[PDB]
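Take a look at this single chain in structure tokens; it is the form deposited in one PDB entry.
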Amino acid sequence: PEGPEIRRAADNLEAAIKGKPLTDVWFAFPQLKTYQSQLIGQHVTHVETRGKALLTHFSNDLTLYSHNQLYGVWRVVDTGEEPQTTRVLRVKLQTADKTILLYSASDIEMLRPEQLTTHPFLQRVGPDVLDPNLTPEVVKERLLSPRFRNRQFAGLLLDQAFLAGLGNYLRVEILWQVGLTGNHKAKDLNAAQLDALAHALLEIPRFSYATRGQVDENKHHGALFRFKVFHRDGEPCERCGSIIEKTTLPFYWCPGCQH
């Protein structure tokens, strides 16, 4: 989607003030002033990435949404420090030692939990599977949410609105892992299957990412992560021996042990 770049900024912010009691909170926008005193003593629980946007979660359930767009930039300084940048300050989240400042950005809003689901931008891009904060429990929730619970996995696993960081190659491996064909929906699964699928949606993408070697390394060394059905059409399933199939109207799957 954008690589570490997007997740990099979120991590910088977390490292600086995650879990630390806020000693001062300031917002430039008039409609945001009302949340200032309310946040004193609270802390950022985590920073979620959503496309090129950041969702700064607070322990009181409020969430600060920010999209740098063209000029926004977050800076971490020592509490008390006053940068000499001419950029306009929009947000200041201060803790005892570290302070993070958002300059120039215009897309800044405070959201309650129920507003996250209805936010235009957020509806278009879901959480990233490589985000350490994204947990299987959160995944099962999205799968069961009225918005997705009735979508076929074949298309859902290719839709960034559900989860970002997925691709066809990951989609087919994930479904093979839980023995499902692309026509199923989260609403028809039992608790066991749902949990199984929720873990696979994260484990497989992370396993593939963490172990990919350099370019052309495959010429002398096979990767730790091996595809089971992707590009293996015509080969036997390692589980049941059936011949892996590929569609033509690509979904790869074992018709022998996936249904």
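We number the residues from 1 along the sequence you see.
Across the other entries compared, at least a third leave residue 218 without coordinates even though the residues on each side are present. Checked against the record, the higher mean CA B factor of 215 to 223 and 198 to 206 lies with 215 to 223. Between 57 to 65 and 188 to 196, the higher mean Cα B-factor belongs to 188 to 196. Note on 127, 146, 179, 120: the highest value goes to 146, judged by CA B factor as recorded. Highest CA B-factor among the listed residues (33, 231, 52, 43): 231. Per the PDB record, residue ranking by Cα B-factor puts residue 242 in the middle third of the chain. Ranked within its chain, residue 75 lands in the middle third, by CA B factor from the PDB record.
In the PDB entry, a CA B factor belonging to the highest third of its chain's modelled residues is recorded for residue 116. When the CA B factors of the chain's modelled residues are split into thirds, the value for residue 87 lands in the highest one. Ranked by C-alpha B-factor against the other modelled residues of its chain, residue 141 falls in the highest third.
The form deposited in another entry is left out here; the points below concern that form.
Between this form and the other one, the CA-CA gap for residue 132 and residue 64 widens by 3 Å or more, being larger in the other entry. Cα-Cα spacing of residue 119 to residue 150 is enlarged in the other entry versus the present form (difference of at least 3 Å).
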